[PDB]
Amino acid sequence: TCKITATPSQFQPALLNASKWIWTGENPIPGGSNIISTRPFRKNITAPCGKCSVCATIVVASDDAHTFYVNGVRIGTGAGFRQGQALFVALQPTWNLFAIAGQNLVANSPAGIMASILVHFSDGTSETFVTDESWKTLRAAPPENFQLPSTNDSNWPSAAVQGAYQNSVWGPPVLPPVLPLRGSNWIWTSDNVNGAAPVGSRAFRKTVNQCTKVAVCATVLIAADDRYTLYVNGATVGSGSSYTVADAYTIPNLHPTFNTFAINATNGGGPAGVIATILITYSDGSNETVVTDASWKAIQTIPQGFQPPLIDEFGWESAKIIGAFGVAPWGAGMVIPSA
């Protein structure tokens, strides 16, 4: 219902610094011993002002495990307090019901859930929402359909705070990478032969087109040896020149059904490659991941308009897999921005 005037930008990490650990308060000592149990947590969050909410980056950690729901839909499952888990989800424009089922799995041990929800709005702004005492819970196993908006949480008690980011039994969870490179492939043109490749620029193209769904936001993690410039639906998103520090980008104004990612990557000499991971969120709560692989198309001499969405791909080849993320010479040490 709002015009999206947000444009592609550098990825903005959701942080855990303002967030709180929550549980039920069955033990009034925070951080105290709790029984083996499963417990529900809910929060209805509304968009401010004359702002529409579009999508969200979530970071969630638990002692011991969780399941995360948005507007009734399961988005993810995770565990552990040492490191957060990254989730991405499209949102309803004016309100969104977040719900989490947490489990304590060890007897007499502490229990708790911590999250941060960075909501991106139509106008290009953002706000972080956190787990805290304003969430609702129950001192009992979650009812059938606790996560659906149609459940009335009006008589539920308030959640009890177990600790804060810096001051808790858990200590501060480490942020995960925004997206994994494990799972992707360094690619190039066919050109790249014995730890190769020649000195040109080369172009790569991937199209995603699920005509029965509505695509909302994309997040892109990318790096290249040496340098790249990245385009989505013909517009310039960004560029880089490091094969040891990756760049991440947010595309909040995706086309609903058809989107094209294109890269001009340049080899200055020696080995060469481009690697990327892309996550696209859909309005029904589902998502998809695309990675650099052989489904991408590539070409040795870059034509005018290589970046437009609808060009003829005749005489582009299947991109060559140089190797899975990890291979020499680049190794596994890429610095990846935090979620």
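Just count from 1 along the sequence shown to find any residue number.
Enquirer: Averaging C-alpha B-factors over each stretch, which comes out higher, 50 to 58 or 285 to 293?
Expert: Between 50 to 58 and 285 to 293, it is 50 to 58.
Enquirer: Which wins on mean Cα temperature factor, 230 to 238 or 78 to 86?
Expert: Taking the mean C-alpha B-factor of 230 to 238 and of 78 to 86, the larger value falls to 230 to 238.
Enquirer: Using the entry's values, work out which of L221, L175, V193, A111 has the largest Cα B factor.
Expert: Comparing C-alpha B-factors across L221, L175, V193, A111, the maximum falls on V193.
Enquirer: When you compare the CA B-factors of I29, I275, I302, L279 as listed in the entry, which one comes out on top?
Expert: Largest recorded C-alpha B-factor: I302.
Enquirer: Which third of the chain does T131 land in by C-alpha B-factor: lowest, middle or highest?
Expert: Ranked within chain, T131 CA B lands in the lowest tercile.
Enquirer: Which third of the chain does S318 land in by C-alpha B-factor: lowest, middle or highest?
Expert: Within its chain, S318 is a highest-third residue by C-alpha B-factor, going by the deposited values.
Enquirer: According to the PDB entry, is the CA B factor of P180 in the bottom, middle or top third of its chain, that is, lowest, middle or highest?
Expert: It falls in the bottom third of the chain.
Enquirer: Using the B-factor values recorded in the entry, state whether the Cα atom of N17 falls in the lowest, middle or highest third among the modelled residues of its chain.
Expert: Middle third - that is where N17 ends up once the chain's C-alpha B-factors are sorted.
Enquirer: Lowest, middle or highest third: which one holds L105 when the chain's residues are ordered by CA B-factor from the entry?
Expert: As the PDB entry reports it, the C-alpha B-factor of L105 lands in the highest third of its chain.
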